[PDB]
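**Student:** Following this message is one structure expressed as structure tokens.
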Amino acid sequence: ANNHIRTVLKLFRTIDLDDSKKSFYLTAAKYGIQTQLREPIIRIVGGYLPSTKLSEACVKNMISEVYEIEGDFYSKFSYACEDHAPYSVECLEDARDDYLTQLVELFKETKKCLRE
Amino acid sequence: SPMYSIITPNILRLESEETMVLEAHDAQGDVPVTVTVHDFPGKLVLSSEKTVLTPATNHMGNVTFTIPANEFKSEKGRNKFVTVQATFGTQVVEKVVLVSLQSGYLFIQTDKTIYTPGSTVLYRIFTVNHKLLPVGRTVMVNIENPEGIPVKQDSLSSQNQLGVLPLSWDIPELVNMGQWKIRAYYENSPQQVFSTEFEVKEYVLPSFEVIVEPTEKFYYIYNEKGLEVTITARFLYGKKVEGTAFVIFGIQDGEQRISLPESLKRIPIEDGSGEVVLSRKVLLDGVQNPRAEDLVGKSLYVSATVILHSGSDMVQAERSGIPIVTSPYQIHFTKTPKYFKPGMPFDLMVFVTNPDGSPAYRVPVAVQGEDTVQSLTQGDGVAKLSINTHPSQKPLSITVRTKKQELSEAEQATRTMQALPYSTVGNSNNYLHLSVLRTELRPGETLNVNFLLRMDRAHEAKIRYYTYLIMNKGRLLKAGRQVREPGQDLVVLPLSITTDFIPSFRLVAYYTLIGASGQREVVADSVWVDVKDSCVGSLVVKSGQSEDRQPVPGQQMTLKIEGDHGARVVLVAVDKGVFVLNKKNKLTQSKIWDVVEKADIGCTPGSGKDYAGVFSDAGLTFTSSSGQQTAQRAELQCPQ
Amino acid sequence: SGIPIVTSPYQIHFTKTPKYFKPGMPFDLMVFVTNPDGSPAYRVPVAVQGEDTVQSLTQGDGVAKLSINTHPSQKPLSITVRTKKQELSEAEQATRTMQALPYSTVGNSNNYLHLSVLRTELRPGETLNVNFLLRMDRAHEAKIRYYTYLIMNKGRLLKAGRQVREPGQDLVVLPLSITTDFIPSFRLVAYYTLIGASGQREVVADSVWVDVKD
Amino acid sequence: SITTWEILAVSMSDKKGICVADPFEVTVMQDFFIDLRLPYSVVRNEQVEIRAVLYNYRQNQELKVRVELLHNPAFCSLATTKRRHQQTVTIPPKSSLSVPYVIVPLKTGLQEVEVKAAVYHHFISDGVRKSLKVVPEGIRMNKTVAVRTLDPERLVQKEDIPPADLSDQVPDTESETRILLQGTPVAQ
Ligand SMILES: *[C@@H]1O[C@H](CO)[C@@H](O)[C@H](O)[C@H]1NC(C)=O
Ligand SMILES: *[C@@H]1O[C@H](CO)[C@@H](O)[C@H](O)[C@H]1NC(C)=O
Ligand SMILES: *[C@@H]1O[C@H](CO)[C@@H](O)[C@H](O)[C@H]1NC(C)=O
């Protein structure tokens, strides 16, 4: 549909990540969410009748979980990783794999919200 | 008078398991045997590994030992020899065998095939021994400039690394262009060096691959239609290209390339395929020799430049090696034995190949004489032919010619061979033929050799067994007996071909009798068998998904690896644009098997002038207490 | 239907094996290992009971080429084919026996002929080499100069020829052009003829069954 | 990257041997995507042309892209922090399109170039950030400072190599000096 699409996009603008963090980390996190949790969602929502209604409640739960998952990825990138220097690109690459993995797990779990 | 024989590979190797098969023909009771190896000249690298021979094994045994490498590194420019002196009871037999310095192979793998300055180089160095197993040795690596001056030197150990040594190098910003080289060599044997080439160039990745495949991989000189080349262009990710393509033709002789000015053409490609023809008038007028026949041998080359209607990207693709020939087939005698036996089938392995070099498929060959014989080639371009031989001493002049239909007789391919007869001991007429099937054998299926025999009825009771050996990759693999009851003239020995026999095994055989005035003699034979070239194990990669194909960028997918247990895989993913830009110096199983086969000691595909010749051709050394011993070898490579 | 309840996963058949052999010369066994329903078994290691060190592996079409030598004796020969696939208990291996009587000559003159041959799934077009192996003592060896051979296909004499044998040799290889006319099988017969004993005519023959891909 | 990856696996097993799998190819592809085309390097202060190529692979759906070149403080082009550069193009189905952009590099180093698309009436986007090298105008030449033969007895030997003139050296450019040592073998 289209009204559903506008509602979902309006909802993925409330998401906020800290600006003080490093630029490449922000791009990595935003690209991960935009490719694993906004493209399939937008595709699924586009295929609804206009009369069908969404359920934004656990979509807000989606947003709460994506804040938590980004927080864990940032913590693992900052100091948890030990095989390499902190704040370094190889630590980012090492953590991005499982960041996207839990992110796709979240999307797969939350694919049941989009209907009543 | 019992004999005691030692059979060992002709050239030994440092730090490897080398087998020495011991027999004691016509020996009664147990005999102690001790094998000791000493440096030549002088005198004790090893004197261990003694054995006790028993009639329970029909008096046959093997003693394996690994010679330490030390005196060995002092002198290397001149060949060095060791003496294998073994004592059978109170009788001593010794034989001097050559020792090489080569101890293993290093297969270098670089992820890409073209690098830009300021980009890191990631490469691996596999370390395997002559038997293709992981080994722990120390390597040295030097990375050469285009001119050939080392830029980086390093030393690594393969110990506890399972034979893989990942490495790196960040190319300096201000460097020379052209081919670079990486040379790696084992630390013990610095005179054998392995290498690969990676190119440093200014490039940006293309967007689509251009393929030019002519309709025939050659050009008939008397064809009045001209060369037929098809240019096809598809995007990298599987879509058709619309654009305009320029092409040009030239004559490539030796190393000088001359182009044809009247040949460049623009042939617009619709739906990603275009076709241009080089009329024979252009080919004749471009060259300064009007004699068309004198142009044979030289090769054409096609240079195709494609530009999209967008005009945003241009790609070049060149197909060289289009030979101008008068005959579409080339008959080779590489695999045929050069010596035969009077009064036996003489199996010919003709190798019909296309002019470019690829094997020919489904082509009928024939022998000019006795034209009643005719065959047809198998998958690998080898046609089994059999020619019966009269029992005569004259050399046999075999000529083979291709007899393909719808081809004029002035246009087929011919070749000639000289084959000389096996020479017995004192014209005793005691031979041995070892008939066998030769095809694209696959590991696992059995083979039935035919230990055919020919000797007078006066001595058919003296021979009761046939010894046989199997060379493979440079060392004896199996060595056993073959009992034959007297009065039986053909013996079939079922051979269990495992996957361990890749890619070829040089089966030999012999017996021993006493005849004429009562002098010992030995009669031998050899066979070369080609097995299909694949892994000794198995590995394959496929995709976990069974649905929702064409993954979008940024999407997880799971790839499944079906490899042997306990193994270790190493992965690399390369954009196909890189291979479009430079597709040379890749790594695959074919090159590994080619390198392994290029180091085999044997240097003739079977049979020989006589028994000493047969053994030396196989790559062995048969010496006995009586004296019948093979000829000495002191060169790493057999004469060309 | 047809899910058979069995105590052995393989069944050994002797449909294709010759029921007669020649004393003192190779005898080619063609076992046909099949699944209990009837489908041809693939890649099963079958072996003979005696000299268990000899074994083979069955080809794709379901026949395993096993060769066992023979003593030059007139007594009937007993074959106990016995599969030995791994991951199966010895109570699970399928077993089978067979008796093959010896070829009987004329007047016990010890004349035999044998046509040793490749045994795989031949495809039309490629060539097959047959070995006209002969056994004859040198007393009467100058009397044989050729081997006549015939080809039987679908109930007709497809191609009858000759094979000249220059005296002095005991093996000659006759190349056969297996065209597409040979589908699916051909029974290559052969014979010669000599004057033996006190001047009595006699003939010695043999045959081979070859299966071509259908 | 929208391309065809070729994945090669090499085995190293202790008991069996070494294997090299046949290459396995996965063909990554999207319905509508940008393929920005850049030269390897563009010389500083010299105007060059950059093409954005937009692809559409819907079988029968005409598309309405809105491309855009975000501002970059390094280069110079029509984009500015106050005004944005937008072409609203139309892509016929199963057809490409080319958009021209002119950019003047201004500072050295490695600089990024990006274009961002946004389909109309559907909700599809694709932007590509590619980085190209910019180098100061000049050429690579390697003048030999000196060649000398070392002989401690015929010439110890205290030898000094004066620095090269570097008269034509381009400012703010790294210069590499290579020193090679090779012996002189004698025989016979
Ligand atoms: C001798 O060769 C046989 C071949 O079957 C092999 O089993 C045996 O291990 C070899 N001897 C030694 C000492 O390796
Ligand atoms: C006899 O058989 C041969 C087999 O090659 C065949 O060519 C021929 O037509 C037949 N008939 C005659 C009269 O030769
Ligand atoms: C300078 O570089 C060139 C590469 O074009 C090469 O021949 C060599 O490294 C140097 N040659 C001279 C003459 O300085």
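Identifiers in the structure tokens: chain A, B, ... in order shown; residue index from 1 per chain; ligand index from 1 in order shown.
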Need the shell around residue C:48: protein/DNA/RNA residues with any atom at most 6 Å away, counting only C-alpha atoms. Skip same-chain ones fewer than 2 positions apart. Format as a VMD selection string?
**Tutor:** chain C and resid 50 80 to 82
**Student:** How would you write, as a PyMOL selection string, the set of residues in stretch 92-149 of chain D that DSSP gives as strand (DSSP E)?
**Tutor:** chain D and resi 95-103+109-118+125-135
**Student:** Go ahead and write the residues just picked, C-alpha atoms, as a PDB file, in the first residue's frame.
**Tutor:**
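Result file is result.pdb:
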```pdb
ATOM      1  CA  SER D  95      17.173   0.238 -20.244  1.00  0.00           C
ATOM      2  CA  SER D  96      20.190   2.121 -18.965  1.00  0.00           C
ATOM      3  CA  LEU D  97      20.688   5.836 -18.575  1.00  0.00           C
ATOM      4  CA  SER D  98      23.750   8.047 -18.264  1.00  0.00           C
ATOM      5  CA  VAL D  99      23.906  11.294 -16.295  1.00  0.00           C
ATOM      6  CA  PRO D 100      26.951  13.550 -16.791  1.00  0.00           C
ATOM      7  CA  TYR D 101      28.659  15.337 -13.882  1.00  0.00           C
ATOM      8  CA  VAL D 102      31.617  17.729 -14.066  1.00  0.00           C
ATOM      9  CA  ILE D 103      33.812  18.024 -10.979  1.00  0.00           C
ATOM     10  CA  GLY D 109      44.707  12.678  -1.245  1.00  0.00           C
ATOM     11  CA  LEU D 110      41.853  10.194  -1.655  1.00  0.00           C
ATOM     12  CA  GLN D 111      38.450  11.814  -2.084  1.00  0.00           C
ATOM     13  CA  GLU D 112      34.947  10.364  -2.180  1.00  0.00           C
ATOM     14  CA  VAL D 113      32.224  10.845  -4.791  1.00  0.00           C
ATOM     15  CA  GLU D 114      28.604   9.823  -4.220  1.00  0.00           C
ATOM     16  CA  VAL D 115      25.271   9.922  -6.025  1.00  0.00           C
ATOM     17  CA  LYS D 116      21.934   9.165  -4.380  1.00  0.00           C
ATOM     18  CA  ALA D 117      18.794   8.015  -6.199  1.00  0.00           C
ATOM     19  CA  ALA D 118      15.214   7.701  -4.999  1.00  0.00           C
ATOM     20  CA  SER D 125      16.801   3.877  -3.215  1.00  0.00           C
ATOM     21  CA  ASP D 126      20.449   3.258  -4.014  1.00  0.00           C
ATOM     22  CA  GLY D 127      23.477   5.475  -3.475  1.00  0.00           C
ATOM     23  CA  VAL D 128      27.105   4.687  -4.257  1.00  0.00           C
ATOM     24  CA  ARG D 129      30.146   6.163  -2.512  1.00  0.00           C
ATOM     25  CA  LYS D 130      33.290   5.635  -4.570  1.00  0.00           C
ATOM     26  CA  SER D 131      36.753   7.008  -3.834  1.00  0.00           C
ATOM     27  CA  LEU D 132      39.267   8.085  -6.479  1.00  0.00           C
ATOM     28  CA  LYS D 133      42.868   9.240  -6.203  1.00  0.00           C
ATOM     29  CA  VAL D 134      43.874  12.818  -6.960  1.00  0.00           C
ATOM     30  CA  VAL D 135      47.533  13.586  -7.628  1.00  0.00           C
TER      31      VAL D 135
END
```
**Student:** Write out as a PyMOL selection string each polymer residue (protein, DNA or RNA) that has an atom no more than 9 Å from ligand 2, with only C-alpha atoms and all ligand atoms counted.
**Tutor:** chain C and resi 157-161
**Student:** May I have the residues from that selection written out with N, CA, C and O atoms, as a CSV table (one decimal), in the first residue's frame?
**Tutor:**
```
chain,number,residue,atom,x,y,z
C,157,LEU,N,22.8,-63.0,-38.6
C,157,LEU,CA,24.2,-63.0,-38.8
C,157,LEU,C,24.7,-61.6,-39.2
C,157,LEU,O,24.7,-61.3,-40.4
C,158,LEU,N,25.0,-60.7,-38.2
C,158,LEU,CA,25.3,-59.3,-38.6
C,158,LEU,C,26.5,-59.2,-39.4
C,158,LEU,O,26.5,-58.4,-40.4
C,159,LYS,N,27.6,-59.9,-39.1
C,159,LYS,CA,28.8,-59.7,-39.9
C,159,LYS,C,29.7,-60.9,-39.6
C,159,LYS,O,30.2,-61.2,-38.5
C,160,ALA,N,29.9,-61.7,-40.7
C,160,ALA,CA,30.8,-62.9,-40.6
C,160,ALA,C,32.1,-62.6,-41.3
C,160,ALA,O,32.1,-62.1,-42.5
C,161,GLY,N,33.2,-62.8,-40.7
C,161,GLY,CA,34.5,-62.5,-41.3
C,161,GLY,C,35.6,-63.5,-41.1
C,161,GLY,O,35.3,-64.7,-41.1
```
**Student:** Using only C-alpha atoms, find which residues of chain B lie within 6 Å of chain D and jot them down as an MDAnalysis selection string.
**Tutor:** chainID B and resid 132:134 204 236:237 535 537 539:540 550:552 567:576 588:589
**Student:** Could you please take those selected residues and save C-alpha atoms as a PDB file, in the first residue's frame?
**Tutor:**
```pdb
ATOM      1  CA  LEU B 132      51.195 -34.465  -1.607  1.00  0.00           C
ATOM      2  CA  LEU B 133      50.909 -34.379   2.187  1.00  0.00           C
ATOM      3  CA  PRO B 134      51.433 -31.489   4.615  1.00  0.00           C
ATOM      4  CA  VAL B 204      39.468   0.568 -12.654  1.00  0.00           C
ATOM      5  CA  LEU B 236      29.250  -9.223 -15.333  1.00  0.00           C
ATOM      6  CA  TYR B 237      26.059 -10.136 -13.477  1.00  0.00           C
ATOM      7  CA  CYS B 535      41.411 -35.156  -5.931  1.00  0.00           C
ATOM      8  CA  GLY B 537      39.990 -36.684  -1.596  1.00  0.00           C
ATOM      9  CA  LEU B 539      35.847 -30.962  -1.849  1.00  0.00           C
ATOM     10  CA  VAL B 540      32.984 -28.918  -3.283  1.00  0.00           C
ATOM     11  CA  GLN B 550      19.850 -13.603  -7.075  1.00  0.00           C
ATOM     12  CA  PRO B 551      20.862 -12.335  -3.621  1.00  0.00           C
ATOM     13  CA  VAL B 552      20.669  -8.564  -3.243  1.00  0.00           C
ATOM     14  CA  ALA B 567      40.698 -31.197   6.804  1.00  0.00           C
ATOM     15  CA  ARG B 568      41.227 -27.444   6.644  1.00  0.00           C
ATOM     16  CA  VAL B 569      39.744 -25.258   3.917  1.00  0.00           C
ATOM     17  CA  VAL B 570      40.925 -21.813   2.875  1.00  0.00           C
ATOM     18  CA  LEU B 571      38.502 -19.433   1.195  1.00  0.00           C
ATOM     19  CA  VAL B 572      38.749 -16.432  -1.103  1.00  0.00           C
ATOM     20  CA  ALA B 573      36.115 -14.549  -3.105  1.00  0.00           C
ATOM     21  CA  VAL B 574      37.149 -12.580  -6.187  1.00  0.00           C
ATOM     22  CA  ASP B 575      35.105 -10.145  -8.243  1.00  0.00           C
ATOM     23  CA  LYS B 576      34.794 -11.401 -11.807  1.00  0.00           C
ATOM     24  CA  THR B 588      43.416 -25.217 -10.112  1.00  0.00           C
ATOM     25  CA  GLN B 589      43.802 -28.970  -9.822  1.00  0.00           C
TER      26      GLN B 589
END
```
**Student:** Give as an MDAnalysis selection string the residues surrounding ligand 1 up to a distance of 12 Å, considering only C-alpha atoms and all ligand atoms.
**Tutor:** (chainID B and resid 17:23 49:52 57 60:66 468:470 475:481 496) or (chainID C and resid 53)
**Student:** Would you write out those residues with N, CA and C atoms, as a PDB file, in the first residue's frame?
**Tutor:**
```pdb
ATOM      1  N   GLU B  17      60.180 -41.032   2.797  1.00  0.00           N
ATOM      2  CA  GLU B  17      60.120 -42.481   2.948  1.00  0.00           C
ATOM      3  C   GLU B  17      60.411 -43.124   1.599  1.00  0.00           C
ATOM      4  N   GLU B  18      61.572 -43.759   1.486  1.00  0.00           N
ATOM      5  CA  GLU B  18      62.005 -44.421   0.263  1.00  0.00           C
ATOM      6  C   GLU B  18      62.023 -45.923   0.489  1.00  0.00           C
ATOM      7  N   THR B  19      61.374 -46.666  -0.399  1.00  0.00           N
ATOM      8  CA  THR B  19      61.196 -48.098  -0.226  1.00  0.00           C
ATOM      9  C   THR B  19      62.201 -48.859  -1.073  1.00  0.00           C
ATOM     10  N   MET B  20      62.686 -49.979  -0.544  1.00  0.00           N
ATOM     11  CA  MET B  20      63.610 -50.857  -1.260  1.00  0.00           C
ATOM     12  C   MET B  20      63.091 -52.285  -1.168  1.00  0.00           C
ATOM     13  N   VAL B  21      62.518 -52.771  -2.261  1.00  0.00           N
ATOM     14  CA  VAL B  21      61.921 -54.100  -2.299  1.00  0.00           C
ATOM     15  C   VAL B  21      63.026 -55.139  -2.427  1.00  0.00           C
ATOM     16  N   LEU B  22      63.000 -56.143  -1.558  1.00  0.00           N
ATOM     17  CA  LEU B  22      64.023 -57.178  -1.507  1.00  0.00           C
ATOM     18  C   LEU B  22      63.415 -58.527  -1.860  1.00  0.00           C
ATOM     19  N   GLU B  23      64.048 -59.245  -2.781  1.00  0.00           N
ATOM     20  CA  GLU B  23      63.638 -60.602  -3.103  1.00  0.00           C
ATOM     21  C   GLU B  23      64.829 -61.535  -2.975  1.00  0.00           C
ATOM     22  N   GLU B  49      67.105 -50.396  10.048  1.00  0.00           N
ATOM     23  CA  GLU B  49      66.056 -51.065   9.286  1.00  0.00           C
ATOM     24  C   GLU B  49      66.568 -52.350   8.632  1.00  0.00           C
ATOM     25  N   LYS B  50      66.915 -53.312   9.476  1.00  0.00           N
ATOM     26  CA  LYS B  50      67.159 -54.676   9.039  1.00  0.00           C
ATOM     27  C   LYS B  50      65.846 -55.448   9.065  1.00  0.00           C
ATOM     28  N   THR B  51      65.835 -56.608   8.416  1.00  0.00           N
ATOM     29  CA  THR B  51      64.616 -57.396   8.302  1.00  0.00           C
ATOM     30  C   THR B  51      65.001 -58.867   8.234  1.00  0.00           C
ATOM     31  N   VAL B  52      64.042 -59.736   8.538  1.00  0.00           N
ATOM     32  CA  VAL B  52      64.210 -61.180   8.417  1.00  0.00           C
ATOM     33  C   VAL B  52      63.233 -61.682   7.364  1.00  0.00           C
ATOM     34  N   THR B  57      56.173 -65.243   3.386  1.00  0.00           N
ATOM     35  CA  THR B  57      55.904 -64.170   2.442  1.00  0.00           C
ATOM     36  C   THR B  57      56.436 -64.498   1.047  1.00  0.00           C
ATOM     37  N   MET B  60      59.950 -62.272   0.180  1.00  0.00           N
ATOM     38  CA  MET B  60      59.858 -60.941  -0.400  1.00  0.00           C
ATOM     39  C   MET B  60      59.583 -59.951   0.714  1.00  0.00           C
ATOM     40  N   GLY B  61      60.315 -58.847   0.720  1.00  0.00           N
ATOM     41  CA  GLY B  61      60.123 -57.862   1.762  1.00  0.00           C
ATOM     42  C   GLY B  61      60.569 -56.498   1.289  1.00  0.00           C
ATOM     43  N   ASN B  62      60.166 -55.485   2.046  1.00  0.00           N
ATOM     44  CA  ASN B  62      60.524 -54.112   1.747  1.00  0.00           C
ATOM     45  C   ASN B  62      61.013 -53.434   3.013  1.00  0.00           C
ATOM     46  N   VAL B  63      62.010 -52.577   2.845  1.00  0.00           N
ATOM     47  CA  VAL B  63      62.645 -51.868   3.942  1.00  0.00           C
ATOM     48  C   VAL B  63      62.574 -50.387   3.610  1.00  0.00           C
ATOM     49  N   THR B  64      61.859 -49.626   4.425  1.00  0.00           N
ATOM     50  CA  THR B  64      61.681 -48.205   4.189  1.00  0.00           C
ATOM     51  C   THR B  64      62.510 -47.418   5.191  1.00  0.00           C
ATOM     52  N   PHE B  65      63.205 -46.395   4.707  1.00  0.00           N
ATOM     53  CA  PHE B  65      63.998 -45.552   5.585  1.00  0.00           C
ATOM     54  C   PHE B  65      64.060 -44.148   5.012  1.00  0.00           C
ATOM     55  N   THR B  66      64.320 -43.188   5.894  1.00  0.00           N
ATOM     56  CA  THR B  66      64.426 -41.781   5.536  1.00  0.00           C
ATOM     57  C   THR B  66      65.837 -41.305   5.840  1.00  0.00           C
ATOM     58  N   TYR B 468      55.700 -57.977  -9.557  1.00  0.00           N
ATOM     59  CA  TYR B 468      55.233 -56.741 -10.162  1.00  0.00           C
ATOM     60  C   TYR B 468      55.376 -55.594  -9.177  1.00  0.00           C
ATOM     61  N   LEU B 469      55.578 -54.394  -9.717  1.00  0.00           N
ATOM     62  CA  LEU B 469      55.779 -53.181  -8.940  1.00  0.00           C
ATOM     63  C   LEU B 469      54.916 -52.090  -9.545  1.00  0.00           C
ATOM     64  N   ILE B 470      54.566 -51.095  -8.741  1.00  0.00           N
ATOM     65  CA  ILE B 470      53.729 -49.998  -9.205  1.00  0.00           C
ATOM     66  C   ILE B 470      54.353 -48.682  -8.772  1.00  0.00           C
ATOM     67  N   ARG B 475      57.511 -42.975  -6.114  1.00  0.00           N
ATOM     68  CA  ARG B 475      57.906 -43.990  -5.148  1.00  0.00           C
ATOM     69  C   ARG B 475      57.063 -45.238  -5.340  1.00  0.00           C
ATOM     70  N   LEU B 476      57.629 -46.380  -4.948  1.00  0.00           N
ATOM     71  CA  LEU B 476      56.919 -47.646  -5.070  1.00  0.00           C
ATOM     72  C   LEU B 476      55.677 -47.625  -4.200  1.00  0.00           C
ATOM     73  N   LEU B 477      54.556 -48.050  -4.764  1.00  0.00           N
ATOM     74  CA  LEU B 477      53.287 -48.020  -4.053  1.00  0.00           C
ATOM     75  C   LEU B 477      52.825 -49.394  -3.615  1.00  0.00           C
ATOM     76  N   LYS B 478      53.051 -50.410  -4.438  1.00  0.00           N
ATOM     77  CA  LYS B 478      52.664 -51.772  -4.123  1.00  0.00           C
ATOM     78  C   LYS B 478      53.678 -52.701  -4.759  1.00  0.00           C
ATOM     79  N   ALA B 479      53.969 -53.802  -4.087  1.00  0.00           N
ATOM     80  CA  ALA B 479      54.944 -54.744  -4.618  1.00  0.00           C
ATOM     81  C   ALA B 479      54.603 -56.128  -4.103  1.00  0.00           C
ATOM     82  N   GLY B 480      54.216 -57.023  -5.002  1.00  0.00           N
ATOM     83  CA  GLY B 480      53.782 -58.336  -4.572  1.00  0.00           C
ATOM     84  C   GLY B 480      54.096 -59.374  -5.622  1.00  0.00           C
ATOM     85  N   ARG B 481      53.669 -60.598  -5.343  1.00  0.00           N
ATOM     86  CA  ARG B 481      53.888 -61.717  -6.238  1.00  0.00           C
ATOM     87  C   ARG B 481      52.669 -61.927  -7.126  1.00  0.00           C
ATOM     88  N   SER B 496      43.387 -53.686  -7.574  1.00  0.00           N
ATOM     89  CA  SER B 496      42.403 -52.860  -6.882  1.00  0.00           C
ATOM     90  C   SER B 496      42.876 -51.415  -6.921  1.00  0.00           C
TER      91      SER B 496
ATOM     92  N   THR C  53      41.760 -62.005  -0.625  1.00  0.00           N
ATOM     93  CA  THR C  53      42.493 -60.808  -1.023  1.00  0.00           C
ATOM     94  C   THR C  53      42.101 -60.318  -2.411  1.00  0.00           C
TER      95      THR C  53
END
```
**Student:** Kindly provide, as an MDAnalysis selection string, the residues of chain B having any atom no farther than 12 Å from an atom of chain A, counting only C-alpha atoms.
**Tutor:** chainID B and resid 552:558
**Student:** Taking 4 positions as the minimum chain separation for residues in the same chain, which residues sit within 7 Å of stretch 156-173 of chain B when counting only C-alpha atoms? Answer as an MDAnalysis selection string.
**Tutor:** chainID B and resid 117:128 134:140
**Student:** Quick one: residues within 9 Å of ligand 3, with only C-alpha atoms and all ligand atoms, as a list in words?
**Tutor:**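 What falls inside 9 Å of ligand 3 is residues 146, 147, 175, 176 and 177 of chain B; 140, 141, 142, 143 and 144 of chain D.
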**Student:** Go ahead and dump the residues you just picked, N, CA, C and O atoms, as a PDB file, in the first residue's frame.
**Tutor:**
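Saved as selection34.pdb:
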```pdb
ATOM      1  N   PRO B 146      59.763  -5.517 -11.207  1.00  0.00           N
ATOM      2  CA  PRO B 146      59.717  -5.904 -12.621  1.00  0.00           C
ATOM      3  C   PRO B 146      61.088  -6.183 -13.195  1.00  0.00           C
ATOM      4  O   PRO B 146      61.222  -7.050 -14.066  1.00  0.00           O
ATOM      5  N   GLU B 147      62.118  -5.473 -12.731  1.00  0.00           N
ATOM      6  CA  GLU B 147      63.473  -5.694 -13.225  1.00  0.00           C
ATOM      7  C   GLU B 147      64.109  -6.947 -12.636  1.00  0.00           C
ATOM      8  O   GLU B 147      64.959  -7.565 -13.284  1.00  0.00           O
ATOM      9  N   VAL B 175      56.187   2.656  -7.276  1.00  0.00           N
ATOM     10  CA  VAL B 175      56.737   1.395  -7.750  1.00  0.00           C
ATOM     11  C   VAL B 175      56.640   1.312  -9.263  1.00  0.00           C
ATOM     12  O   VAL B 175      55.846   2.001  -9.905  1.00  0.00           O
ATOM     13  N   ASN B 176      57.472   0.446  -9.825  1.00  0.00           N
ATOM     14  CA  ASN B 176      57.469   0.187 -11.251  1.00  0.00           C
ATOM     15  C   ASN B 176      56.315  -0.736 -11.614  1.00  0.00           C
ATOM     16  O   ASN B 176      55.825  -1.508 -10.788  1.00  0.00           O
ATOM     17  N   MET B 177      55.879  -0.643 -12.862  1.00  0.00           N
ATOM     18  CA  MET B 177      54.704  -1.364 -13.316  1.00  0.00           C
ATOM     19  C   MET B 177      55.131  -2.704 -13.903  1.00  0.00           C
ATOM     20  O   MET B 177      56.267  -3.146 -13.730  1.00  0.00           O
TER      21      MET B 177
ATOM     22  N   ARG D 140      56.606  10.898 -13.517  1.00  0.00           N
ATOM     23  CA  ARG D 140      57.518  10.063 -12.742  1.00  0.00           C
ATOM     24  C   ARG D 140      58.820   9.898 -13.514  1.00  0.00           C
ATOM     25  O   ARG D 140      58.845   9.268 -14.575  1.00  0.00           O
ATOM     26  N   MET D 141      59.905  10.452 -12.978  1.00  0.00           N
ATOM     27  CA  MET D 141      61.232  10.271 -13.547  1.00  0.00           C
ATOM     28  C   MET D 141      62.204   9.931 -12.428  1.00  0.00           C
ATOM     29  O   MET D 141      62.037  10.379 -11.290  1.00  0.00           O
ATOM     30  N   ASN D 142      63.204   9.115 -12.747  1.00  0.00           N
ATOM     31  CA  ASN D 142      64.103   8.531 -11.755  1.00  0.00           C
ATOM     32  C   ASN D 142      65.544   8.765 -12.195  1.00  0.00           C
ATOM     33  O   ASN D 142      66.140   7.926 -12.873  1.00  0.00           O
ATOM     34  N   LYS D 143      66.114   9.899 -11.803  1.00  0.00           N
ATOM     35  CA  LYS D 143      67.490  10.193 -12.168  1.00  0.00           C
ATOM     36  C   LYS D 143      68.452   9.489 -11.223  1.00  0.00           C
ATOM     37  O   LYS D 143      68.253   9.475 -10.005  1.00  0.00           O
ATOM     38  N   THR D 144      69.497   8.898 -11.791  1.00  0.00           N
ATOM     39  CA  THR D 144      70.489   8.182 -11.002  1.00  0.00           C
ATOM     40  C   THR D 144      71.402   9.187 -10.315  1.00  0.00           C
ATOM     41  O   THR D 144      72.048  10.002 -10.981  1.00  0.00           O
TER      42      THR D 144
END
```
**Student:** Pull out every residue of chain C sitting within 8 Å of chain B, counting only C-alpha atoms, and send them as a list in words.
**Tutor:**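 Matching residues, ligands excluded from the count: residues 24, 25, 26, 54, 55, 56, 57, 58, 59, 65, 66, 67, 68, 69, 71, 72, 118, 125, 126, 127, 166, 168, 169, 171, 172, 173, 175 and 177 of chain C.
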**Student:** Could you please determine the separation between atom CA of residue B:323 and atom CA of residue B:217 in Å, to one decimal place?
**Tutor:**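 Separation between atom CA of residue B:323 and atom CA of residue B:217: 7.8 Å.
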**Student:** Using only C-alpha atoms, pick whichever of D:65, D:93, D:122, D:48 has the shortest atom-to-atom distance to chain A.
**Tutor:** D:122
**Student:** To one decimal in Å, tell me the separation between atom CA of residue B:515 and atom CA of residue B:1.
**Tutor:**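 If I compute the distance from atom CA of residue B:515 to atom CA of residue B:1, I get 13.4 Å.
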